[PDB]
Amino acid sequence: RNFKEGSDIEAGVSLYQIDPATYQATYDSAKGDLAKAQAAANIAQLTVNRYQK
Amino acid sequence: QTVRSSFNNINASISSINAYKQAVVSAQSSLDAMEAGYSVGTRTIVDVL
């Protein structure tokens, strides 16, 4: 729990931090793919730039 | 014969240059094709060589 029970809480405020294991892990998932996704476009743009010249 | 011998030669000779002269042009950009492709490094330098 992030809070003192009965207390006054702001909106969008973290209250209970829940195990983000499968999640932080999961978050890693798209991360590499993002890392890998961008990787492809990297070359592609790397190519396009060349072809441009 | 000799009259017709070389008179052909020169003309065919003419055709020669026109081919290679183009052909030079062929290699010419061909070189250029390389350098840019190497300049951008899309390709090796060896090719340019």
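Coordinate-derived values only; no laboratory data. Note that we place each Cβ from the backbone using ideal geometry, even for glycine, and neighbour counts take in every protein chain shown.
Structure values in brief
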{"quantity": "Boolean, B:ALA36 is small (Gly, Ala, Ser), surrounded by 12 or more Cβ atoms within 10 Å (Cβ to Cβ) and more than 14 Å from chain A (Cβ to nearest Cβ)", "calculated": "no"}
{"quantity": "A:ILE43 vs. criteria of a type outside the set (S, T, N, Q) and part of a helix (DSSP H, G or I)", "calculated": "yes"}
{"quantity": "Members of region A:1-45 that are acidic (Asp, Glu) and over 30 Å from B:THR42 (Cα atoms)", "calculated": "A:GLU5, A:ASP8, A:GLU10, A:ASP19, A:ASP28"}
{"quantity": "Criterion (among the hydroxyl-bearing types (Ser, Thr, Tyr), in contact (Cβ under 8 Å) with a residue 12 or more places away in the chain and not in a helix (DSSP H, G or I)) met by exactly one of A:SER7, A:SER14", "calculated": "A:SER14"}
{"quantity": "Search result, residues across chain B that are closer than 30 Å to A:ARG50 by Cα and assigned to a loop (DSSP other than H, G, I, E, B)", "calculated": "B:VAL40, B:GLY41, B:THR42, B:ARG43, B:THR44, B:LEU49"}
{"quantity": "Hey, A:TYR27 touching a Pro at 6+ places or on another chain (Cβ under 9 Å), away from chain B (no Cβ under 14 Å) and surrounded by 10 or more Cβ atoms within 10 Å (Cβ to Cβ) or not", "calculated": "yes"}
